[PDB]
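See below for the structure under consideration.
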Amino acid sequence: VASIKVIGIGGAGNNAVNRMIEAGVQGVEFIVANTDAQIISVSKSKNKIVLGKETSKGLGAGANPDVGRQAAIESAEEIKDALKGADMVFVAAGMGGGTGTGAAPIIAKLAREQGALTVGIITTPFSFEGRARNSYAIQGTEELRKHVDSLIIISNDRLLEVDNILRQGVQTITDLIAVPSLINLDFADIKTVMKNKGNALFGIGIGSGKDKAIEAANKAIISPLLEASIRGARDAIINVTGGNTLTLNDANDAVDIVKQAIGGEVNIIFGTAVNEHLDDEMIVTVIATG
Amino acid sequence: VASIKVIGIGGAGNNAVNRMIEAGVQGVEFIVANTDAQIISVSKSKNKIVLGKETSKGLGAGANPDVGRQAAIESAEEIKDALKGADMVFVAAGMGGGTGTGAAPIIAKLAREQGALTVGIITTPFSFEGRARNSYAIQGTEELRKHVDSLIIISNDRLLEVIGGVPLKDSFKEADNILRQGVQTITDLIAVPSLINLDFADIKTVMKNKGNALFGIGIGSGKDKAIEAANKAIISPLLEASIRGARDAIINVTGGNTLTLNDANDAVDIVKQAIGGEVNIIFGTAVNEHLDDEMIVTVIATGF
Ligand SMILES: Nc1nc2c(ncn2[C@@H]2O[C@H](COP(=O)(O)OP(=O)(O)NP(=O)(O)O)[C@@H](O)[C@H]2O)c(=O)[nH]1
Ligand SMILES: Nc1nc2c(ncn2[C@@H]2O[C@H](COP(=O)(O)OP(=O)(O)O)[C@@H](O)[C@H]2O)c(=O)[nH]1
């Protein structure tokens, strides 16, 4: 009977191990390791290791893989004790953060030096977690690969198919001023809406198919991006984006809902733009202030 | 014709400006600023600023907002010069790091004092980025709000809900599940008795001293479930490369109580033909009684 252990490292690895326990994976011993004692405390695993107990003190490593690496080196003897006797060790982690990225290669090396067949199984971060976390992931992936027998890499980007939001926010306002289309706005109109206003709420929704203008406009009003409710906003800007087939009739049908949803005396302005990638699809974007 | 400038600060802002240029946003001038001179040199932007060229020496701020703030102050003249004449300035940054958090409010202050309508548009961190980063982010946000006309705040938590289509609490449920399947694909074959198990020594032959192991999963149902499941596994989006030409592979065939030997046999033959050559294939089976007229084929391929 092979002795099989899974050690889940960092937040992602800790949650993966919880999933394995709740799915009833059999024949396997589960261990979780983290520098963050809070995640460890809600673990379903019976074998818990707080990495770097003396230096990080269970408070977490933060963003920097060097701290997760040093935490695992400090805990080397506890890790060897937990893994001792394994014929096979899976090292589970999400690349991108301070703990999984830096600790997983150390733990792989210790497991393999004990004689276990050592399999790394990791995720890599979304593109939109940004270049710094993706760059850490790349370096931690290479360091782990050095120390595991085999490495399985699961891309969170690709796992979706089984994109930049700061761009969408800017273009929502600028196309209405700088790109002439069916309807456009003056810069002085944007200024009355946005000058000396504080918080501005951003919502986006998209409608596929004919009644799109009602669908998109309705998703926008409740977009999770909305920091608060748009109800009662003194002023608001609406951007109705579409394809070559976009019409002025549909535009006011989208805007009508938003004017309804805000109600009151809302100084509401709007405008249009077209997109060479959308056929019948039509996305509504709202910015409201007050 | 209004003068509109976007200044992207730090990693997230630089990234955002690159994507605006590539998407061909029109009617806008773009500027990038970073303490990191390396990230800047790659930028496609025509207007570049290395913040704090003396105090930071071209090296990033290292998660410390104090360094972003001081590098921006030191570069105030270059910032004024790039923004001069704007009717509207968008200040774009990601809160929580060293550069964006500290530099964005200084840049907004400068832009607004020059006369621009000044709009901050920022992300705030994913909750999994931890406590110190989410706390820096909130300070940075409150400082930025003092120096902009308006502030659009995009939570990266909410952005992940919007992109994945599920509540935050479930945002990584599929990833957790794939990691569980990656383990279970192999461990069931070794440790859970079924009609077809594999010996640990044979797993070792496939996985020891290998490097990258390709992983694919497919599910199928109905009369042609094996053809459907196996072909989905071999072009699975999870695979980091083609399995064509692998030297060894493990195949897990999991089905319900109605799975036939013929189904399991067809799936193994499809994977062998897809890989090709003289691939050493080993395979085993597993029962999951919650499957109803479905089967799941998983492949782990090594050796390139
Ligand atoms: N949606 C989104 N968020 C990003 C992106 N890039 C970075 N971020 C977010 O912005 C936060 C700050 O990242 P970043 O801009 O690289 O910080 P910095 O200040 O430039 N780098 P440093 O800390 O090394 O000085 C990140 O913690 C993350 O939450 C991105 O492309 N998209
Ligand atoms: N499978 C899974 N992945 C996660 C989860 N949370 C975050 N991630 C991904 O894993 C990467 C690292 O997150 P985490 O493990 O919490 O970082 P760390 O503990 O600080 O090292 C992130 O960059 C995300 O891409 C989760 O709960 N489950």
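Line order of the protein sequences matches chains A and B. Residues 10 to 171, 185 to 312 in the entry's author numbering are what the first sequence lists, from first letter to last. First residue of the second sequence? That's 10 in the entry's author numbering, and the numbers climb one at a time after it. For every residue, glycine included, the Cβ atom is placed at its ideal position computed from N, Cα and C.
Spatial neighbours of residue i in its chain, beta-carbon cut-off 6 Å, leaving aside the 5 residues before and after
i, result
"B:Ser164", "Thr133"
"A:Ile290", "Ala258, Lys281"
"B:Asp211", "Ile291"
"B:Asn143", "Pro134"
"B:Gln35", "none"
Beta-carbon neighbours of residue i, restricted to chain A and to distances below 9 Å
i, result
"B:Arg28", "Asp185, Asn186, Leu188, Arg189"
"B:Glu170", "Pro246, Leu247"
"B:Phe224", "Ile130, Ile161, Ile162, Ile163"
"B:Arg121", "Near B:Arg121 there are no residues of chain A at all, since even the closest Cβ is about 10 Å away, more than 9 Å."
"B:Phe99", "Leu188, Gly191, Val192, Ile195, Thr196"
"B:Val34", "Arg189, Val192, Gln193, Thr196, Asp197, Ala200, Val201"
Cross-chain neighbours of residue i in chain A, by beta carbon under 8 Å
i, result
"B:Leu270", "The contacting residues do not exist; B:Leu270 stays about 24 Å from chain A at best."
"B:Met216", "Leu126, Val128, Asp158, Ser159"
"B:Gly173", "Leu169"
Within chain B, the residues that residue i reaches when beta carbons sit closer than 8 Å
i, result
"A:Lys219", "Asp158, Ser159"
"A:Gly20", "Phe137"
"A:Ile13", "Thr196, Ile199, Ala200"
"A:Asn24", "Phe181, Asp185"
"A:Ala117", "Chain B residues near A:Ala117: none, gap ~13 Å exceeds 8 Å."
Under 7 Å from the C-beta of residue i: neighbouring residues of chain A
i, result
"B:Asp96", "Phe209"
"B:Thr294", "Neighbours of B:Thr294 on chain A: none; closest Cβ ~15 Å, over 7 Å."
"B:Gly103", "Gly139"
First through last residue of the beta strand (DSSP E) which encompasses residue i
i, result
"A:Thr127", "126 to 133"
"B:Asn289", "289 to 296"
"B:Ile259", "257 to 264"
"B:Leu153", "Note, B:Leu153: premise wrong, no beta strand (DSSP E); alpha helix (DSSP H) at 140 to 154."
"A:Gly220", "220 to 229"
"A:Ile40", "37 to 43"
"A:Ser164", "159 to 164"
"A:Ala101", "97 to 103"
"B:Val59", "56 to 59"
Cβ-based neighbour list, residue i, same chain, cut-off 8 Å, excluding 5 preceding and 5 following
i, result
"A:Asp272", "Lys234, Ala235, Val262, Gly264, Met304"
"B:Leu169", "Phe135, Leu177, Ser180"
"A:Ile279", "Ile236, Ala239, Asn240, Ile243"
"B:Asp275", "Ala235, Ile236, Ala239"
"B:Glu122", "none"
Residues that residue i contacts on chain B, provided the C-beta gap is smaller than 9 Å
i, result
"A:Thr132", "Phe181, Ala184, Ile187, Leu188"
"A:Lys213", "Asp96, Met97, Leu126, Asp158"
Other residues of its chain near residue i: CB distance less than 7 Å, five sequence neighbours each side excluded
i, result
"A:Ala72", "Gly106, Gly107"
"A:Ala117", "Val100, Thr127, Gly129, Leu153, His156, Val157"
"A:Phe39", "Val15, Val26, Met29, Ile30, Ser54, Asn56"
"A:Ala255", "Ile284, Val288, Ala310, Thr311, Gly312"
"A:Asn24", "none"
"A:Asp166", "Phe135, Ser136"
"A:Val98", "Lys14, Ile16, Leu92, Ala120, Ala125, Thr127"
"B:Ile115", "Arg78, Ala81, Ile82"
"A:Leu247", "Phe224, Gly225, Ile226"
"B:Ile162", "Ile131, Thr133, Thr150"
Boundaries of the alpha helix (DSSP H) in which residue i is found, first to last residue
i, result
"B:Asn274", "270 to 284"
"A:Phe209", "209 to 216"
"residue 3 of chain B", "Nothing can be reported for residue 3 of chain B, as the shown portion of chain B is limited to 10 through 313."
"B:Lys234", "234 to 243"
"B:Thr108", "108 to 122"
"B:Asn24", "19 to 31"
"A:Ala80", "74 to 83"
"B:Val51", "46 to 51"
For the segment 253 to 265 of chain B, which residues have a CB atom closer than 9 Å to at least one CB atom of chain A, in sequence order?
-> Listed by position, the residues of the segment 253 to 265 of chain B near chain A (Cβ gap below 9 Å) amount to none.
Assess contact between the segment 169 to 184 of chain B and the segment 60 to 77 of chain A, defined as three or more Cβ pairs (one per stretch) separated by less than 8 Å. Is contact present? No: fewer than three Cβ pairs fall under 8 Å.
(Q) Below 8 Å, how does it come out for the segment 203 to 222 of chain A and the segment 152 to 162 of chain A: are there three or more Cβ pairs, yes or no? (A) Under the 8 Å Cβ criterion, the segment 203 to 222 of chain A does not count as touching the segment 152 to 162 of chain A, having fewer than three qualifying pairs.
Chain A contacts from the segment 36 to 52 of chain B (Cβ-Cβ distance under 7 Å): Hits within the stretch, in order: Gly36, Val37.
Under 9 Å (Cβ pairs) to chain B, residues found in the segment 70 to 89 of chain A: Result list: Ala70, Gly71, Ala72, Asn73.
Exercise for the section: Determine, using beta-carbon pairs with one atom in the segment 215 to 224 of chain A and one in the segment 41 to 48 of chain B, whether at least three such pairs fall under 8 Å. Expected result: By the Cβ criterion, the segment 215 to 224 of chain A is not in contact with the segment 41 to 48 of chain B, since fewer than three pairs of Cβ atoms, one from each stretch, lie closer than 8 Å.
- Message: Residues of the segment 296 to 312 of chain A in Cβ contact with chain B at a cutoff of 9 Å, in chain order, please.
- Response: Listed by position along the chain: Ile309, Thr311.
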